[PDB]
Each structure stands twice: as structure tokens, then as C-alpha cells.
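Down below is the structure, laid out as C-alpha cells.
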Amino acid sequence: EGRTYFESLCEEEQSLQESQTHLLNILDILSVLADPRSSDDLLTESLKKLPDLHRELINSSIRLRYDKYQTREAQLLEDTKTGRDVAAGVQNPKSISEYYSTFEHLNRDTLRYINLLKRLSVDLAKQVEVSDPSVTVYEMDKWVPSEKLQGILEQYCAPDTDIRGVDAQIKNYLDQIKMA
Amino acid sequence: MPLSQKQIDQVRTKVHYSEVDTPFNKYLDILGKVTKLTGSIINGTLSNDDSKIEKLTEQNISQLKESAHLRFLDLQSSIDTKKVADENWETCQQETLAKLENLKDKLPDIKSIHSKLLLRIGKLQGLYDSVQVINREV
Amino acid sequence: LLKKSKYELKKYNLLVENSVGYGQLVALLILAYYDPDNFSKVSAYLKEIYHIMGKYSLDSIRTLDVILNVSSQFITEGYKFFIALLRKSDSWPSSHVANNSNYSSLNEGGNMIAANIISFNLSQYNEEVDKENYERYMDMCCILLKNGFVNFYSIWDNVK
Amino acid sequence: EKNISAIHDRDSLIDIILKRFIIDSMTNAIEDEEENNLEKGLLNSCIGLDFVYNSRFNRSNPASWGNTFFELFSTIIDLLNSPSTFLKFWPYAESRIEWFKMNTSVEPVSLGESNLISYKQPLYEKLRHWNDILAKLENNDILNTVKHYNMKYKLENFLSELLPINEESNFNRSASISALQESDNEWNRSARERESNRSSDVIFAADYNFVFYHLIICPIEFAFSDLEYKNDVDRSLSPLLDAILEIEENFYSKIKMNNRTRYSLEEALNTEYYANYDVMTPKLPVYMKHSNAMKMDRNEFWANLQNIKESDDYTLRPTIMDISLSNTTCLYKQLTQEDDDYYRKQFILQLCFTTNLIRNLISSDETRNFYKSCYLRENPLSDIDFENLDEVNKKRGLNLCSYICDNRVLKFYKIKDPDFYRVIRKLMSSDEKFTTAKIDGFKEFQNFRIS
């Protein structure tokens, strides 16, 4: 019958304790054979117990090896089951197939945000403005525009502001130069 | 010097079932050392030869008694270590399957950001159509 | 077969063995230099690089090479993101970061895995696409010796 | 001291004392709350490990300390009951990484070298065990969280820097090309129907899978093949690249017609000199450079989106660069619209890595003799044949390799953007420097001299 790895491993420790008791019962008999002040009767009595324990130790060290093999075949049987067989138990597919789809739509538009800050990045037409004749040189990297043009462009990216109302505010600034 | 189809899948199996296990193989050295020792005392051979473990000592036979008790605790603790390591992997496999099960209260948190991040593209693509029309005239 | 499936680490050196794994690591460092916000987002990329390096079992000795070969093409404009990203990494020497501004600390240094990759990459100059990119790679290496990323006599002893 | 009968090797007994002290202290977590009973159990093990290294001169041998120290450190990685409790312990391992390399040596190694061999005593049974932990996280390919992969990266990076760089189990000796590379989600795949193929985008997406499943998965199967197996790719790959590389013709012309028609309206407005300069990045336009109100609009958005992707409720998510293969609605929407330009720069990087191997495999002769000993050493009665020149086959591989990259890819990017074209030409050049190094056996990394 089909056993699990956990049950076959705990059964190994049960057969391990039976092998320990016969091992300790033999080892003290060899000790009383090696006493220096040993008595004549104990060396005759202890040897009669010896062959009954010897063939009992072999029958316990054989079942220990046999349960080391049965746990090894149960260990490998549970590793082939891992993977997509454990997750074939859920009964909510529509909740996960929209959760992964709303995450795969999130990172697709995070890249589109980064691709609109440095790589497309439309700028103004830098028209030079010169007032002081004491500088005699100009660099086109620190040209800051007018404050009436900046504050309109500052509040446009700012929130809670319509798309069609400030288009007239652009046309307010655009036709103001066209009169002058 | 060719091979066969049977001869390849007989070495494809010996590799797949090969284990090295230092606490277990050291315990069976003690079980083996006593069965060959109590085998000879039944027959009658006991001499001053170094082919076996030892002949007769008080200290060194009890040193084998200490070795029989030390490697037993090393093997007993290692089976307990494999027991708890298997129990923990089954728990995290179940609580991940529990976190995958519901997935309903965490869905409204994503759709807030994705409706906020789709709002922020609406301003910049309108800002880059506002600055693009003032430059086209002049 | 005993030392191929039981002792060999399952990691992928060449760029053809895992072409999906190295196709995402390269396209991430292209994104990280075209982004205007790269100092609040050092660990927003460094937690992503460690998530592709473990999903696909990429090697650490080759991922250091691919990082030092896409960085050296953007080293004019972004050269203070390349050090700020590489100071928080797990490849930066944390305890042996010893500097190249003393006369006894030109031997005792750190990160002898990146001392193997640059000494291998500066000792090859026998191609016609390798020659048009040796000046920009030598500038990127010379910033790394200043900040203490590698030793001096580890690179000096092992170039041709 | 009260006992006197430690007549054995006492260093064998002290290991068992140190082993039982770690086991019960890691399991006893009922005395107080679970989060703060963890660091009371973790700390008693860490002083136990440092007890072994400091008391290494006083034991019986200098060499014996290495096998005790790998035994106790390997025990702790089983009792750690989570990936989350593994990552918060692991700074103990990355800091004392010079302690592992000085195996059977009381005085430490200098820096850079290590006394560790993959088939010798401390790594004979631990490298076989630590690969079993890594095989468990790899086989579990649908229930892996982001803390699972971070457990997988920090464990294989522990072993890659433990062993020398010229070590036989360390540089992927028999070059195994990965087949489990599947940038795909299970829950979006809808039955893979091949019956109602009325719209052209399905077999567009299906043969995109087939040019993925038969070129990029296996280039060694593509080169050593028949003259008809290379014929169904080329009649499908050329409709694919001439629909992708006509989008980047329209994406880069958006950038070019943006600035040139501004500069021509700058040459019309201001007439000083011949304003004809090189096309470079429009960095930050005029006004986003010094705007602390515009900056905090963006700098607070990258703090909300980082706190979502870090908490212990969103640990089941794909990567940011993940190109979905099964979902034919999301795959067509990632490659077509001209604002990402990263999901179609992944295809060109994917294509130029295998096509570089198709050139080097058919042409050269020490490369084909290397892949002799890679396939015939592991599968001696193999299936495909390579045995000789195949002069009717060489004329078809090199004429599709040199057409698909040198004649359409590399001559398109040298005009449009000459910074990305410099990355492809350097990456392909660096691959052949290492492929030739693998055939030799990475023995130029052996002559590295330490002063």
C-alpha cells in the first residue's frame, strides 16, 4: 500500500530503538567477561544468555536496513509529484486570472511613463532673451522662461485641472503676443 | 566496445538512488563490529591479533560502549531533523495555497494605482500637445 | 554521471544557455540609464536584479560581467548612478573595501572575482570591435580603482 | 568536572552537546510571542557557531574543526521554518564567508583562494545535500513567492563564491542549454486552440512560439538538422521581423521628426550658424530640471509603488520585463504599440544570442568537437548525427544567420541609435571570448597571481 514520507520516517525510529536495547544487553556481558576481580559463577551464567541475543540482534539490524530502503523509495515518490500538481486544487480561476492580468497591465504602463520623461520629452522653442551687455556669452542650458508661461505649465501637470479649460488659457497667452 | 539500451537505463537508475548518509553508515559500523566479535567467541577463537576490533579490555570495550551510545544520539537527532524539515515545507506549501486561494481583498488596491497611473499619462500627453502647438506658429 | 547531476551547480554561464534570462537583465540596465529618477530608485532596481538572477538560474560571475559591459557604454552622462547602484549590492566589498590612496594598502584589497573579470577583459585586444571600445572601458575601470572596488596590484599584475 | 569518564575522543562528545543545544533552542518557541521568540532562538545558535571557531586551537586536532562547523551550519538551514526567517538569518552567513574557506587550517587563507574541493571531505556530502534544497525550490515552479527566489539567489551565490572559479563543478562544464525557460503564466493560457485560425495574429503568435520553441530553446538541434526543418522557420521568421522592425522605424521617426522640425523652426527663427548637430537625448526638457513641485509629484509616486511591491501581501507577481507567451491578447499588445520599446528589444537580444552560435557551430571545428563530448558522454546511444562535414548543410545555416542579424538587425541600429548598436556588438563579441574559454577548460583563470 501507499505510504507517505512522514509516516515511513517515524516508523524508522521505532525499529531503531529495538536495535539499541539488544546492543546494550550484549555489551555489558562483554564487560563482565573483562572484570579483573570477576567471580567464577558469573562467567558461566552470562555465556548461556549469549547465543539467544546474537541471532536476535541480526533480526533487528535487518529490519533496520529494510526500513532504510522503504523510506528512500517514499522520498523519491513525493518529489515527482511537486510542481503543477499541488496547485491543481484551487476552485477560483477567475479571481487569479484577473489578478495576474491587472498586474501585467501595471508594469506595461510603468515603462510607458518612464518612456515619456526622458526619451520623448518635448521641449519649448528656446528663443534667446538678452538684456545685460556685461555678460558677453550665453549658454543654452540654463535658459529659464517667463513666469507667466512657467506658472501655466506648472499647474497643468498639477492635479484636479481640466484638459479643455487651460487650452483657452494657452490661447489666452498665444493671442496676447499676436496683438503686440 | 558498444552499449545497449538496457545497459544505459541501468546506470540511469543507480545514480538516481544513490545516497551518502554519514550518521546512518557510522551506526552500522558498530552493529557490524559486535556481530563479528560475538561470532568468534561462540566458536572459540580469541587471540592477540589485530584483524578484529580488540581482544579484551575494561576501558576500550567500554569505549565501544560509549561509541555505541554517541552515534545512537547522532542518528536519533538526524532523523528528528529530517522530521521537522519535512513538516515546515508542508506548512509553507499550504499557506501559499491559502494566499493564492482568496485573492479578492487585494484586487481593489491594484486598480486604484492603475487608474491613478493612467491619469498621470493623460496630463503629460496633454502637456506635450500644449507646448507643441505654441512652437508651431512662431 | 555521478558528478554531473549530483555535484554540479545548475547555473548558466553563456548568453545562449539562458537567452530569456539574460534578455531581461540586459534590457533592465538599458531602462535604468534612461530614467530621470535614479537615486531614490537604487533599491527599486537592485531588488529587481536579484529577482531575475534567481528565477532564471543565472551565474553571479557572469552577471557581474554583463553589468560592467552595459555600464561602460553609458559612462559619460551616468557615472554616479553606476557607483550608487553598485555600492548597495552584495558584490560590493563591505569589510575589505581598502583604498588605493596609501602606499601599503595597494596589496590588501577586496572583491577578487571582479579582479578576474577585468584582468581578462583588458588582456584581449585582438579584434576590430574590441578596439573601438577599449578607451571607454578603461575609463570605467579607472573609476572603480578610485572608490576601492578592486585592488591595484590585482589588475596591474594580470594584464598583458 | 564532576564526571571523570570522558575517556573517549572528547571532541566527538562536545559536537553532540553543541548539536542538541541548537535543536531544542530552535524548536522551543512557546515561551513568549512568536516574533520575539525567534531571535531568542536564533541568537543562541549564532554564539554556538562562534564558539567552535574561537575554541579551535584547544581541541585535539587542527583539521577537525572544519567538519564540525559545516555540520552545525547545515543543521540550522533545516530548522529555519520559512523563507522569511532564512533571509533575516543569512547576514550571519555572508559576513563570515572567510571562515568556510579555511578548511582544515587554523591560520586563515589570505584572500581570493580557498581550500575547498568538490569531491573531498567537507563538501563530499554537503554539496549533494545543498543541491537537493536548490532542486526543491526549482521544481516548485508555480508556488514560488518573491521571498522564495531571494532564498534561491543567496544560496547559489553562497556556493559560487565558495569554490574556486577554475573548479570542475563551478563553470557549467558540460554546457547544458536550459529548457525550462518559460516566461509564461499558467492562469492566462486558454487551451491553445489550433482549429479556428481565421485571424492572422494567432499563427503570428503561434509561430512566434515556434521560432521560440525551436531556435532559442535549442540551437544545437537547429544546426544539426535537415534542409526542410530550416525551411519552415525562414518562411515564418521573415513575416515576423518585418512587422517588428517596421514599428521601430516608426518609433524612432517620432523622436527625429520631433527635434528636427523644431530645429528647422529654430533655423527659421534664429539665423546664427549652420545649426546641424548630432541627435542626442532630450534630457529634461526646459522646465522639469528645476521644479521642486513637479519633482515631488513623481518622487511620491515611486514611494507608494515601492510600498505595494514590498509588503507581505504582494509576494505573487511576475517580473517587470516579463513577456507573456500564452496570453495572445497581451503578447500582441506588448509588441505593437510604440511606447514601450523594451518588449521588442528583448526579442532582438534573444535572437542575436542564438544566431551567434549558429555561425560558430557550423563553421568552426573545435566547437563541433566539444559538443561531441558533451552529448556522447551522457547519452552514448544518441539520436541526432553530427559525424562529418555536411557540405550541403553549411550553405543554408550561414546564409540565414548572416541575413537575420548582419543584414537586418545590425544595419538598422547603426543608423537609428548608435548607442544601442554598440551594446549588441560588444555582447556578441564577449560571448565568443568565453565559449572559447570553456572549450579550453577555464585555464586562463588559473594563472591569476596574488601578491
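Chain labels follow the order of the C-alpha cells: the first chain is A, the next B, and so on; residue numbering restarts at 1 in every chain, and ligands are counted from 1 in their shown order.
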
Original post:
Using the chain letters and numbers from this document, which residues of region 2-122 of chain C does DSSP assign to helix (DSSP H, G or I), as a VMD selection string?
Top reply: chain C and resid 21 to 31 43 to 55 60 to 73 81 to 87 114 to 121

Hey, could you make a per-residue contact list for chain D against chain B with 10 Å as the cut-off, showing the nearest pair of atoms and its distance in Å to one decimal, counting only C-alpha atoms, sorted by chain and number, as a Markdown table?
```
| residue | atom | partner | partner_atom | distance |
| --- | --- | --- | --- | --- |
| D:5 | CA | B:59 | CA | 9.8 |
| D:6 | CA | B:66 | CA | 9.2 |
| D:7 | CA | B:63 | CA | 7.2 |
| D:8 | CA | B:63 | CA | 6.2 |
| D:9 | CA | B:63 | CA | 9.4 |
| D:12 | CA | B:70 | CA | 8.1 |
| D:13 | CA | B:70 | CA | 7.2 |
| D:15 | CA | B:74 | CA | 9.4 |
| D:16 | CA | B:74 | CA | 6.8 |
| D:19 | CA | B:77 | CA | 8.3 |
| D:20 | CA | B:77 | CA | 7.6 |
| D:23 | CA | B:81 | CA | 8.0 |
| D:27 | CA | B:84 | CA | 9.1 |
| D:75 | CA | B:81 | CA | 7.6 |
| D:76 | CA | B:81 | CA | 9.5 |
| D:77 | CA | B:85 | CA | 8.9 |
| D:78 | CA | B:85 | CA | 5.2 |
| D:79 | CA | B:85 | CA | 6.2 |
| D:80 | CA | B:85 | CA | 8.2 |
| D:81 | CA | B:88 | CA | 5.3 |
| D:82 | CA | B:92 | CA | 6.9 |
| D:83 | CA | B:92 | CA | 8.7 |
| D:124 | CA | B:20 | CA | 8.7 |
| D:125 | CA | B:20 | CA | 6.4 |
| D:126 | CA | B:20 | CA | 9.6 |
| D:128 | CA | B:20 | CA | 8.5 |
| D:129 | CA | B:20 | CA | 9.2 |
| D:136 | CA | B:89 | CA | 9.9 |
| D:140 | CA | B:93 | CA | 9.6 |
| D:143 | CA | B:96 | CA | 6.8 |
| D:144 | CA | B:96 | CA | 8.4 |
| D:145 | CA | B:96 | CA | 8.2 |
| D:258 | CA | B:132 | CA | 9.2 |
| D:261 | CA | B:136 | CA | 9.2 |
| D:262 | CA | B:135 | CA | 7.8 |
| D:265 | CA | B:138 | CA | 7.8 |
| D:266 | CA | B:138 | CA | 9.3 |
| D:268 | CA | B:138 | CA | 9.1 |
| D:269 | CA | B:138 | CA | 7.4 |
| D:297 | CA | B:120 | CA | 9.9 |
| D:298 | CA | B:120 | CA | 9.8 |
| D:301 | CA | B:117 | CA | 9.0 |
| D:304 | CA | B:113 | CA | 9.0 |
| D:305 | CA | B:113 | CA | 8.2 |
| D:308 | CA | B:110 | CA | 8.7 |
| D:313 | CA | B:106 | CA | 7.8 |
| D:314 | CA | B:106 | CA | 8.3 |
| D:315 | CA | B:99 | CA | 9.5 |
| D:316 | CA | B:100 | CA | 8.3 |
| D:378 | CA | B:8 | CA | 9.6 |
| D:379 | CA | B:8 | CA | 8.1 |
| D:380 | CA | B:3 | CA | 7.6 |
| D:381 | CA | B:3 | CA | 7.4 |
```

Original post:
Counting only C-alpha atoms, which residues of chain A come no farther than 7 Å from chain D, as a list in words?
Top reply: residues 82, 83, 84, 97, 107, 111, 112, 115, 118, 119, 120, 121, 122, 123, 124 and 125 of chain A

Do you have, as JSON lines, the list of residues of chain B lying at most 6 Å from chain A, each with its nearest atom pair and that distance in Å to one decimal, counting only C-alpha atoms and ordered by chain then number?
```
{"residue": "B:58", "atom": "CA", "partner": "A:34", "partner_atom": "CA", "distance": 5.8}
{"residue": "B:123", "atom": "CA", "partner": "A:157", "partner_atom": "CA", "distance": 5.7}
{"residue": "B:128", "atom": "CA", "partner": "A:122", "partner_atom": "CA", "distance": 5.9}
{"residue": "B:135", "atom": "CA", "partner": "A:125", "partner_atom": "CA", "distance": 5.9}
```

Can you write out the residues you just picked, keeping N, CA, C and O atoms, as a PDB file, in the first residue's frame?
```pdb
ATOM      1  N   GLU B  58      38.913  -3.519  29.760  1.00  0.00           N
ATOM      2  CA  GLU B  58      37.854  -2.888  30.535  1.00  0.00           C
ATOM      3  C   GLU B  58      37.546  -1.500  29.993  1.00  0.00           C
ATOM      4  O   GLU B  58      36.377  -1.127  29.842  1.00  0.00           O
ATOM      5  N   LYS B 123      -2.195  63.786 -18.449  1.00  0.00           N
ATOM      6  CA  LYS B 123      -1.737  65.166 -18.335  1.00  0.00           C
ATOM      7  C   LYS B 123      -0.493  65.411 -19.179  1.00  0.00           C
ATOM      8  O   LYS B 123      -0.396  66.436 -19.864  1.00  0.00           O
ATOM      9  N   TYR B 128       2.371  67.801 -23.583  1.00  0.00           N
ATOM     10  CA  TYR B 128       3.243  67.762 -24.752  1.00  0.00           C
ATOM     11  C   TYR B 128       2.464  68.035 -26.033  1.00  0.00           C
ATOM     12  O   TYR B 128       3.035  68.018 -27.129  1.00  0.00           O
ATOM     13  N   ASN B 135       4.839  76.343 -30.328  1.00  0.00           N
ATOM     14  CA  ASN B 135       6.084  76.447 -31.080  1.00  0.00           C
ATOM     15  C   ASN B 135       5.837  76.380 -32.581  1.00  0.00           C
ATOM     16  O   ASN B 135       6.696  76.784 -33.373  1.00  0.00           O
TER      17      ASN B 135
END
```

Could you work out which residues of chain D fall inside 6 Å of chain C? Count only C-alpha atoms, and format the result as a tab-separated table (two decimals) with N, CA and C atoms, in the first residue's frame.
```tsv
chain	number	residue	atom	x	y	z
D	112	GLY	N	40.96	35.46	-1.64
D	112	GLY	CA	40.85	35.07	-3.03
D	112	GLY	C	40.90	33.58	-3.26
D	128	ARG	N	26.06	17.74	-2.12
D	128	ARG	CA	24.98	16.89	-2.61
D	128	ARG	C	23.68	17.19	-1.87
D	149	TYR	N	12.56	33.14	-4.38
D	149	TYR	CA	13.64	33.34	-5.33
D	149	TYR	C	14.83	34.03	-4.68
D	152	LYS	N	16.68	31.53	-3.20
D	152	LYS	CA	17.38	30.72	-4.19
D	152	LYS	C	18.63	31.43	-4.70
D	153	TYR	N	18.57	32.76	-4.83
D	153	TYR	CA	19.73	33.50	-5.31
D	153	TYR	C	20.83	33.56	-4.26
D	169	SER	N	33.21	21.66	-10.98
D	169	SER	CA	31.77	21.72	-10.74
D	169	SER	C	31.28	23.15	-10.57
D	177	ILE	N	22.16	23.62	-22.17
D	177	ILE	CA	21.29	24.73	-22.53
D	177	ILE	C	19.93	24.49	-21.88
D	178	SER	N	19.41	25.52	-21.20
D	178	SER	CA	18.21	25.39	-20.40
D	178	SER	C	16.95	25.22	-21.23
D	321	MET	N	9.96	42.96	-16.66
D	321	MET	CA	10.30	42.77	-18.06
D	321	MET	C	9.70	41.51	-18.66
D	346	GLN	N	13.69	42.95	-26.30
D	346	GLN	CA	14.06	41.67	-25.69
D	346	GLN	C	14.15	40.59	-26.75
D	349	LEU	N	17.57	40.92	-28.58
D	349	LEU	CA	18.63	40.36	-27.75
D	349	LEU	C	18.53	38.85	-27.68
D	350	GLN	N	17.30	38.32	-27.70
D	350	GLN	CA	17.11	36.87	-27.70
D	350	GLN	C	17.56	36.25	-29.02
D	353	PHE	N	21.58	36.10	-29.73
D	353	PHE	CA	22.41	35.24	-28.89
D	353	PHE	C	22.52	33.84	-29.48
D	354	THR	N	21.43	33.34	-30.07
D	354	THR	CA	21.44	32.01	-30.67
D	354	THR	C	22.04	32.05	-32.07
```
